[PDB]
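Please read the structure below before turning to the comments.
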Amino acid sequence: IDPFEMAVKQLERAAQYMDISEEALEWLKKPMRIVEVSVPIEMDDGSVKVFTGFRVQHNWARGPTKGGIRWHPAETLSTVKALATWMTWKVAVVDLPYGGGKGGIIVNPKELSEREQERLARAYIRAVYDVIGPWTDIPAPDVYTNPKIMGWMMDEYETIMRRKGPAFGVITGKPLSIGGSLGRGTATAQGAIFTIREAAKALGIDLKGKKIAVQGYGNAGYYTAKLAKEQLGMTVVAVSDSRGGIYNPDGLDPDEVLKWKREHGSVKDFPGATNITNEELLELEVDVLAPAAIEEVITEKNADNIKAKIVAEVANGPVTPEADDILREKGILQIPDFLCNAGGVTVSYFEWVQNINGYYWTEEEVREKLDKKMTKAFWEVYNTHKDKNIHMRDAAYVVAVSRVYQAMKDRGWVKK
Ligand SMILES: N[C@@H](CCC(=O)O)C(=O)O
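So for the sequence shown, PDB author numbering puts the first residue at 4; every next one is plus one.
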């Protein structure tokens, strides 16, 4: 099934639970500007190859649009549009002065050399310069793009811009040497930890000494486990990568597990732990569960088997709506996916603020501001959850769409 249709259906289901005019819904069902450009680069053999680049700006009622750039061979305009629509609600739920945006290039970056990658980044900037800017559209790292590409892109934008303004703020996720921000490596995990702490506070659970299980041991999963163990004082009992999983009731040390992963290539056969698979790992009796891996892991097949009191969807939509209803029926508190992992876009917003102001913060200041933003967003969503007696995901959609609708009404875009 197409992704943009999925996003529009999600938006309509959200609008079912809130009072929104028909014209506003029709406005929100369409991206406000879609730009498709040709991105020509000259390769190492001397030939010129043309790639397809996208830049979708779904809505900018609340402010300049925000969103990353994907370099995937399976990129489509539908995927970019759906992700921009998703980014609108993501920045709206955590109360940022941002709209929704998304870019992408249909390219296999594995077959490109470093020089070709730099040429691709610079050519993409030259192609989409007319629709981006510090106050118009702020790109960011995404799938198969990294801070190196972000720095190349910022340099090209500054060259075109003739240094007439804050060219550092045109793009986020930059290296620290050029307008980069601290806390940019643990943003998602720190936001997830703050949301988990707030959820435990709401449920009355003290996390000191409790159990956590994490699926997926990449950046997000590893940092989530590490920050949970240190800040929340919890007992990490199960971690897993795409290969396999391990279990130890007394507690695992995430640093040692990461070292083992680096050495042997996987978390398999970790000393002192029992090797398990992802599916049973999802069903251990643990206080909180943090799926930080491939989407759609909790379905109707295993939804009733979840024994976790809190499920923090660190990954992008790892739970299906049927599993959502089943989990809610069990009383299991769910943190919606675009609320749990909203720390990354919040820290990107902080980086943009630092670049715009010309003044840069420390790690402690970024951490405290992230704490404030995530706590306030979670409490807003939870209060909507209780007041409307609807699902947590539905409450997050209600909050985001209500904010965007209010901004649209204030500008006079929609009269009703
Ligand atoms: N959420 C996307 C892009 C949003 C942003 O960081 O600005 C990402 O994973 O990078």
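C-beta atoms are modelled at their ideal positions from N, C-alpha and C, and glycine is treated no differently.
Sorry if obvious, but does the Cβ on residue i come closer than 7 angstroms to a heavy atom of ligand 1?
| i | result |
| --- | --- |
| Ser351 | yes |
| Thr68 | no |
| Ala143 | yes |
| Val348 | yes |
| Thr387 | no |
| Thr82 | no |
| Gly71 | yes |
| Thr175 | yes |
| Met90 | yes |
For residue i versus residue j, is the C-beta spacing smaller than 8 angstroms?
| i | j | result |
| --- | --- | --- |
| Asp48 | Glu119 | no |
| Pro142 | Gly102 | no |
| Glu316 | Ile338 | yes |
| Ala403 | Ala95 | yes |
| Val401 | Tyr147 | no |
| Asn344 | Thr191 | yes |
| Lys376 | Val97 | yes |
| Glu286 | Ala318 | no |
| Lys32 | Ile44 | no |
| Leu80 | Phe57 | yes |
| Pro257 | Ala223 | no |
| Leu373 | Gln193 | yes |
| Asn62 | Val407 | yes |
| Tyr132 | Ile163 | yes |
| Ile109 | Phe54 | yes |
| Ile309 | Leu330 | yes |
| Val417 | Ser24 | yes |
| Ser269 | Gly248 | no |
| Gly176 | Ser351 | yes |
For a test of the three-state rule: what should DSSP assign to residue i, helix, strand or coil?
| i | result |
| --- | --- |
| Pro43 | strand |
| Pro274 | coil |
| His267 | helix |
| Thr55 | strand |
| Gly136 | strand |
| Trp74 | strand |
| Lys262 | helix |
| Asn222 | helix |
| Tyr20 | coil |
| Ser405 | helix |
| residue 422 | Because the chain here runs from 4 to 419, residue 422 falls outside it and cannot be looked at. |
| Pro34 | coil |
| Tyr160 | helix |
| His388 | helix |
| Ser81 | helix |
| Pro67 | coil |
| Can at least three beta-carbon pairs, one atom from the region 210-218 and one from the region 239-250, be found at a separation below 8 angstroms? | At 8 angstroms Cβ cutoff, the stretches touch.
| Between the region 298-308 and the region 321-332, do three or more beta carbon pairs fall short of 8 angstroms? | Of all C-beta pairs linking the region 298-308 to the region 321-332, three or more are shorter than 8 angstroms, placing the two stretches in contact.
| query | Does the region 271-279 touch the region 193-202, meaning 3 or more C-beta pairs lie closer than 8 angstroms? | reply | When C-beta atoms of the region 193-202 are compared with those of the region 271-279, fewer than three pairs fall below 8 angstroms, so the two segments do not count as touching.
| field | Sufficient close CB pairs (3 or more, under 8 angstroms) joining the region 145-160 to the region 124-132 | value | Remark: three or more beta-carbon pairs, one from each stretch, lie closer than 8 angstroms, so the region 145-160 and the region 124-132 are flagged as touching.
| With a cut-off of 8 angstroms, do at least 3 Cβ pairs link the region 176-194 to the region 259-266? | As far as the Cβ criterion goes, the region 176-194 does not touch the region 259-266, which means the pair count is below three.
| Would the region 200-210 and the region 357-365 be scored as touching if the rule is three or more Cβ pairs under 8 angstroms? | The region 200-210 is not in contact with the region 357-365.
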